[PDB]
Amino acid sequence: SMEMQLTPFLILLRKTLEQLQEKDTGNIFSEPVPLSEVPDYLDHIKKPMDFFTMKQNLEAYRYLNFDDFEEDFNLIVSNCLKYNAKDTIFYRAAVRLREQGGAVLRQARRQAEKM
């Protein structure tokens, strides 16, 4: 709404992003997928995403509502489910992040709604 201030919202997103990174204990979502190792990655995946890129976007003021932020989190998860076979640790790590990160996101969104 018109009363909603920018700085507390960005502080909330920074904390939330840190909490999400903490759930990724393998740090497999911390940086872009190394395209040098998987030249077919972009065959399947239209828009790569990762937590470092999210941090850059956050600080560049690209996220001004919670949907902006959660959309890129969902990309991290969905890209990983799409690219990796179900029988891999990587696939299961996206499932775990969706669950555990989802709880982080729901509480953070509620904070944003109070602003």
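Residue indices: 1-based, along the sequence shown. C-alpha atoms forming the largest set that superposes within 1.5 Å between two forms make up the rigid core.
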Discussion item. Comparing against the shown form in 8 other deposited structures of this protein, which stretch has the larger RMS C-alpha deviation after a rigid core superposition, 90 to 98 or 6 to 14?
Written reply: 6 to 14
Worksheet entry | Which of 42 to 50 and 55 to 63 has higher mean CA B factor, as the PDB entry lists it | 42 to 50
Worksheet item: Do the C-alpha atoms of 33 to 41 or of 84 to 92 have the higher average B factor in the entry?
Response: 33 to 41
Item to complete: Within this chain's modelled residues, let me know which third the CA B factor of residue 16 belongs to: lowest, middle or highest.
Response: lowest
